[PDB]
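Okay, structure first, notes after.
Residue numbers (my numbering), protein chains in the order written: chain A, 13 to 947; chain B, 678 to 1609.
Dropping the structure here:
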């Protein structure tokens, strides 16, 4: 069977890997993909035979056969070298069956395909089906059934098979079970092995199999090896029509079911069947209709239901079963008010559909989606060496090899009649109601035989379907407007003649500080800009902190609807509450980035607050403070220690005492006062000319003065918090009691001077050195508690070591175990050889020296340095050279004089959650560490 | 007065000399005074200021020793001050002596009468000295106005005669005329001093009889000529100057309106003292008062009116009026307003109750005279001894027991448009004044107001909008003292502890005074948060004090007092005085501050005044600037005058109104109870103040985290810091060097203070007396943010590095001096320091203020001094050397040194550590722990 159709196929312009797809004479679909650059190589074979099978003699027989092909019969398990070969090359394979097809994906570390190809070739060429082999597989199939029984996702899927026509084979149980696999046939007289013989000979031989290779070897090398071992397999010319007609006969239409799952969750499913329409996939109309249903802009279906509160989340998507029959599914979130108004929610979905009928199909919205799809296709992302093979192999059976890459990423034709046809399908006549709730338990007397899921399948008497058809009226909903920003600039701006390896202060003003960088090591239009706004009033009072959070929470919630279109564009807006300042994150294509940024600045400068929105936000904030009372001790201990470190902090109980007097008028008065004085810090990044970037900073500051009347902060109005000074000679402990968790939590912390390049290295190295032994004994052999923490702490320009442990043991006993660990580590570091110490520092050095994998990640490192005010972008490169210089003797000295129990400079503090009688008095007594000088 | 001791014994000599005998055992210092009814008016007309020249001549008269200063050296031996002055009709002498040396001092004074030398050499030196005194008086703006007033009434009248005297008039014109001035002194002394009207008051303690026997025999040595007293029948003005406006140029920038009314000698009758009673009416501030009308117009900030001094036959009445730019434009209207108040007084008429209430307040207050200074008491008594016996003068002058409604009507009738003599003092009269007084060079001009305007004043006699003052409480509710509680604590304790309130209580026992003091501090975090926040707080305080001032005047008349201060931590309220209205006054003060209405015009004028203060600091002494720069660093967060000025422009009246409830929304109050108040009653007063606050502002207790104090930057050990600032206004340069040692502790406080005392006596002689580099010299310790430091502040036009090097050399010399000083000399130095620290307060207010300072510092050890003084006694010379070595020493390892350099306008260090940005340095240095 030697054949190779030849074509040159276009691929994402950015993508470099070259692939040739060919068809053999036997008719096996063949795809050859060559990627020499990637070290890993792979291959996949998909047979289009599902768990559902035309013979109904036993259930799970097809699933058993796919398992029988990965068992390796008796020869492959007998060879431990075969399994060792997979382990040596770090190759992990997953074998699974789906109703449409059975799929398997495997990987080899480098050029190990030849041996693997032969092993896979043997199963198809000749399966032994030995008696000893069958014994292991039947037990494995029974184990596979066990996990499926408790899987709620599978339980919904099997319920869909039950809702299938009983006469139709669609209602067969795909997973199968041990009793069906062996006990049921032996009394019947059917032989399982004889069936496996017949099925492999004809069904596997038929051309339902597709082979793809991701091997790094050249396409010509790929062609010779793949063709020789797949030429032997022949064609039995057996045609499979799947299911010609939909199983449903309208008998199970217009029925309401109540499902109680093991998990507590509430989802509503309305079932409507739909026609295949596979040939016209250019328009993809059903998904386009789903996008309109799932949209969250002006006059959205979810937006009305959000005001009612009946549906928190609405998602609409196409559902595909067999090629012959497909379905449309709408999922709505269920709320207690929504459960009472279930019928009204169903009518409201019809009202949006009525609006869609009135507007009709629209060419412009389809064109906008096509433009977005083209942009996404051109900039392909998250390419995967493993699992990509399985997806393409399934696509190959239904799609031509040349068109597989662009089939789902491009729209080429408009199909108005198809949009009308899917709209016609969405009518109450075809509607089926399925409701999931824990409360339904005890109202259901009917239980599924396969899995323990209870659905009444009761036939609604006095059906209200007629009322919904009779009362249909044009919806108040309005179709969404054209997206304001669509990326049109794909060209990357040329690098500036001046080259800077790190961010530079192109513009410095009292009003704002401006850091600028140009893209290097990456070639994408995508550019990201982070801006910090700092105002003193936010942290001045406990009332001020509470009011500031409410304003910021309200700000993002109001902007969320306006920024849904930005999410579709890929632009990213983030508004978050930080005690010192407000963090605005803008990410995405550079060309449309400024328009979104300015609109956010105007909304931030002048914000309107609704009383109803304020009340719900205030209630949610109050509930969160109540939750912390029942929160886990280890996090509670971490908060208690953090509260002591800051010069002044507000107790969580105090924060929820002083929310009693909070009012809307005080909050509205606060917004101009806070906005009136603030300072802007800038971290622009990506490919842009410096002059244009300076202009973008100028407009942002100009808008803020124009609306908020923001004026530059006076000197000394920008001071960081100072950590309390430790005694250096004493260990201090206070006790508090948890109410809900039986494990007692103790936290021990050691302050370590002030941040310095050498100081950072010493703390990091000590944490690295003790981490592996603590995991070896404290975490596992002692197993005092699941939560054991030995990691570095960096805050307020200071370094510390924190031990967060939650265990069912006395806190003092846990502290004694930590003390025993510290003395063991003293002896351990001395016992450890110098060569092992060098291996420790080298592992930390490799971890420190990580090259950026993403444009955003590269910008993030600079963002951290500036917010801390160190401004040391290259600090890691200077530090790694010092780490090699660092010696074992210095590390022993650092612990013996500072962190040791007998150390003269001993900084030890203790926080206990099951004496410091007043937190304020102890903090007032301690001096304050100065802010680190900026570099 | 029961509080006053004795003073009720007096004798009159046959010669007519007036003698009063005082014997106070409690008084530790003896005293004696002389007086005689002769004056500048009674000087020979040709001679000028003969009596003033003669009063100096009396001291050197003694022939006992041929030394002019022999009496003065005798007074120096007894350390008793001797001063003498001549009034218009009286010559007064006063001196004091050792307690057991009263007889010896009197004998020396007696020698002057037996032989008055008045030597020729003494006269030649005296003429120059008297002329020098006259020259110093010319610069005084007030004196130049007074001299012009005496001369203007009549050249012929003796009223015009010069009082001070000058060398040319005293000696040069008589000597050329062939008159011998020394012979004139001898003849004048026999004719007037020795002849009659002498008044001697003697204070002794050994016995009343011992002084009495000696004085009668010794003061009879002079033979009386029975010479009578000079009297003037009519006022000097002949009515030629009446209804005549004057414009006078003043040396100082002062604007005043003066009107003179000649009146009869009502004071000589002393029946009712009517003129002062009328003056109180005009002075009183109340609804419908003259000051309230003037303040509303804004023409006059304040006015003062008291009966002017008058001769035997006549008296004068004058008004002093502050003038504003708008007031200067409307001066005629202001005089018309004064006339309108007089017409309202005519409509009300004389009222017995107003006189009775004033008399009742005076009588109770006369019984309650807290203290009398022994020195100068004799001099005041000598003046009134001639006209009234002490018992009669004290009772009549203080409470006016006799009442005459007719006399009150007569003085009101005496004030009239015809009686008015007009004068205006303003700085806008330069170049408009031609006439110049010869003696003081004062420039004044006659600008008679058009006769038609004078007719307008006469034809306009209508009351405006004036309301008779409401009767107030001038009587303490209980004159007696409430009994001390059965359980009593010598030092105030925390009787009541509350989340919103802190209470300390002591009842004054030894003092036995009905008067009591209550101190309250209000805490607000927002006051120090921003330069704008500090600025608005001052404006609110200034608006509050102006608004409630009219009510407060009534308490001031009763002797009750209130204080409002803008401390950075929060508002300060203090109430001191009798308990009769003290609880009532406290509630009203709280009501005004917590709920307040702001007048826009008052806010604008207050805002301008605060802005004027900020620009004023640019022109300030260089040494004062150095203290201000050091203060910024010591207080950590603080704001410069520049940023405050921009913030002051930002403040607006609506913003200020919004901030007052926010400031008053949450407060913490700490209180001190002192004086005659029952503990249970005081607890009720504490409940009342908090209850008033919660109703008015819904006050809530501050959270412990919210309530915090400031911290101080910590200098590195072995570190020297300096920064340079330039003062454009002052030619000289001021340097302040601050050496920090440690957080204040009992041992630490004693050691540094001992060092400051040890070097204080040497510093004055070694630097100011010998080096004499600059007038400004300071060697004193400074306490801020619970940290002890020593500051040396010198202002001189000398190089700063040279001056700092001299300071370092002085310290090295002081270390050598400490070794040189004997152990006994060191013990004497500690003894002086111990006495200075152990000083008992002589007033109820002083001891309570000492307790108050500890409470604001957050240290509750009231009796800290007794423990500290015991430690000071244990101190050794070696211990001070160790303290100098650890921090004060130049090369000390733990030494912390900060230098503030204010450069001169037109104008090195071994180690230079210039501070470019203060904010960067504040971030760089750590913060000292707050004291526990």
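Every residue gets a Cβ at the ideal spot worked out from N, C-alpha and C, and that includes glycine.
- Around residue 1314 (chain B), the beta-carbon contacts reaching into chain A at under 7 Å are 728.
- When C-alpha distances from residue 375 (chain A) are compared across A:364, A:425, A:386, A:359, the shortest belongs to A:425.
- Neighbours of residue 932 (chain A) across chain B, judged by C-beta separation under 7 Å: 1381, 1382.
- Burial of residue 113 (chain A) is indicated by the presence of at least 16 other C-beta atoms within 10 angstroms of its C-beta.
- Taking a beta-carbon distance threshold of 8 Å, residue 823 (chain B) does not count as an interface residue toward chain A.
- Among the residues facing chain A, residue 1601 (chain B) is included, as its CB has a counterpart in that chain under 8 Å away.
- Contact between residue 449 (chain A) and residue 159 (chain A) does not hold, since their C-beta atoms are separated by about 25 Å, which reaches or exceeds 8 Å.
- By DSSP's assignment, residue 941 (chain B) forms a beta bridge with B:991.
- In this structure, residue 967 (chain B) lies away from residue 1022 (chain B), with their beta-carbon atoms at least 8 Å apart.
- One thing to note: residue 1231 (chain B) has its Cβ no nearer than 8 Å to the Cβ of residue 1239 (chain B).
- Annotation for residue 979 (chain B): 999 place their beta carbon closer than 6 Å to its own, counting only its chain and skipping 5 residues before and after.
- Residue pairing by DSSP puts residue 756 (chain A) in a beta bridge opposite A:819.
- One alpha carbon belongs to residue 780 (chain B), the other to residue 867 (chain B), and they sit about 25 Å apart.
- Per DSSP, residue 221 (chain A) is one residue of the beta strand (DSSP E) stretching across 221-225.
- If you check the CB distance, residue 1458 (chain B) and residue 1444 (chain B) do not come in under 8 Å.
- Within the same chain, Cβ atoms closer than 8 Å to the Cβ of residue 247 (chain A) are found at 38, 39, 217, 218, 219, the five residues on either side in sequence being excluded.
- Counting of Cβ neighbours within 10 angstroms places residue 215 (chain A) among the buried residues, the total reaching 16 or more.
- Here the C-alpha atom of residue 929 (chain B) lies approximately 56 Å from the C-alpha atom of residue 557 (chain A).
- At least one CB of chain A lies nearer than 8 Å to the CB of residue 1320 (chain B).
- Between residue 1606 (chain B) and chain A, the shortest Cβ-Cβ separation is below 8 Å.
- Taking the Cα of residue 1166 (chain B) as reference, the smallest distance to any Cα among B:1182, B:1157, B:1152, B:1154 is reached at B:1182.
- The beta carbon of residue 947 (chain B) is closer than 6 Å to those of 1073 in its chain, skipping five residues each way along the sequence.
- Assignment of residue 1251 (chain B) by DSSP, reduced to helix, strand and coil, places it in the strand class.
- Positions of the beta strand (DSSP E) runs, each at least 3 residues long and wholly inside the region 757-838 of chain B, are given as 759-763, 768-774 in order along the chain.
- Taking a cut-off of 8 Å for Cβ pairs, the region 1373-1387 of chain B and the region 1336-1349 of chain B touch, as three or more such pairs fall below it.
- For residue 1206 (chain B), the nearest CB of chain A lies under 8 Å from its own CB, placing it at the interface with that chain.
- Note that the C-beta distance between residue 763 (chain A) and residue 816 (chain A) is not below 8 Å.
- Counting every other CB atom within 10 Å of its CB across the protein chains shown gives residue 1138 (chain B) a total below 16, marking it as exposed.
- Judged by DSSP secondary structure, residue 1458 (chain B) falls outside any alpha helix (DSSP H) and instead within the beta strand (DSSP E) spanning 1453-1461.
- Contact check for residue 674 (chain A) against residue 630 (chain A) passes: the beta carbons are separated by less than 8 Å.
- With a contact defined as Cβ atoms closer than 8 Å, residue 22 (chain A) and residue 226 (chain A) miss out at about 19 Å.
- Closest in C-alpha terms to residue 435 (chain A), from the list A:643, A:366, A:422, comes A:366.
- By alpha-carbon distance to residue 347 (chain A), the top candidate from A:257, A:838, A:833, A:279 is A:279.
- In this structure residue 1333 (chain B) is not in contact with residue 1249 (chain B), their Cβ atoms being roughly 20 Å apart against a cut-off of 8 Å.
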